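Take a look at this one chain, the form deposited in one PDB entry, written out in C-alpha cells.
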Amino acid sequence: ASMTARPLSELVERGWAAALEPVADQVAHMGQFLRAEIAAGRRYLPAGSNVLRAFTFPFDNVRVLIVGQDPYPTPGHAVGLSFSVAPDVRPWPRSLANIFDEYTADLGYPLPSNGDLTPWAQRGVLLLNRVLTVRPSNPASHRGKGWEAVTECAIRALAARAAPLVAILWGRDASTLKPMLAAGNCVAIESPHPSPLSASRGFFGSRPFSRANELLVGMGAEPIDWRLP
C-alpha cells in the first residue's frame, strides 16, 4: 500500500514495476516526502493508495498517454487517474467540464453521464499527471519535489517499448515530456491545458481524441474507443 514501505512489485502492475525500476529509490523517497508533509501538518491528494493508480493498468496495453499537470486540488476529486472523478461526483470540476465539451465537439458523442474516466484507462489510455500529488487547495504545490523524475521515467519506458505510442500533453508542465518522445514510434499532440485559465488559448477546438485515433491508425494500431456511458 505505502510507497515508502513496499516495493514497486507490490504497488504497481508487473510491466510498470519493471518500467519504473530506474526510479525505485525515487518512489520510496516520494513516500518519505509525503510522510514528512503529514508530520509537518500538511495534507496531500489523492489518497496514498491512489497516488500510483495510473500504473495499475497494464504497461504493455497502453496505446495513448494523456498527461496533465497535477491532481485536482479539492478534497474528494482526485482519484489517481488524471482528470477523472468518482462516478458520484457532481458538479464536475471545471477542467473536466471543458474536456467533455471538447469530447462532444470532436467526437459527436453526447455528454457523458458522469466524470469517471476508468473506461479510458481500461481501454489502453494512461491517465498521467506530470506530478502525482498536490496539497489541498494549492495547485502546483508539489512541483519540483521529486515526482518529475518518476513521470519522466514512465514516458521514457513507454517510448522504448516495441510499440506505437500517441501522447496527448495538456499544458506547460506536461509539455516538458516532449523531448523524451523523439523516437519514430511515438508522436505527441500538445495543447493548452483544459482549465478555464488556459482552455481558450487552444484547448477548445484541438480535437485531441480524433487526432489520436488518426495517429494510431497511421501507425498500424487500433484506435481508442473513447465513448463514455
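Just so we're on the same page, rigid core means the largest C-alpha set that superposes within 1.5 Å between forms. In this text, residue numbers run from 1 along the sequence as written.
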- prompt: For the stretches 22-30 and 176-184, which has the higher mean C-alpha B-factor as given in the deposited record?
  reply: 176-184
- prompt: Mean C-alpha B factor from the entry: is it higher for 110-118 or for 126-134?
  reply: 110-118
- line: Of the residues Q69, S191, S49, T56, the one whose Cα carries the largest B-factor in the deposited record is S49
field: Ranked C-alpha temperature factor of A105 among modelled chain residues, by third
entry: highest
message: Lowest, middle or highest third: which one holds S9 when the chain's residues are ordered by CA B-factor from the entry?
response: highest
- line: Chain-relative C-alpha B factor for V64 (record values, thirds): the lowest
Lowest, middle or highest third - CA B-factor, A140: highest
task: Could you look up the Cα B-factor of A167 in the entry and say which third of the chain it sits in: lowest, middle or highest?
output: middle
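There is another form of this protein, the form deposited in another entry, and it is not shown here; the text below is about that form.
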message: With the two forms fitted on the rigid core, I'd like to know which residue in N50, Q26, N61, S175 is displaced by 2 angstroms or more at its CA between this form and the one not shown.
response: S175
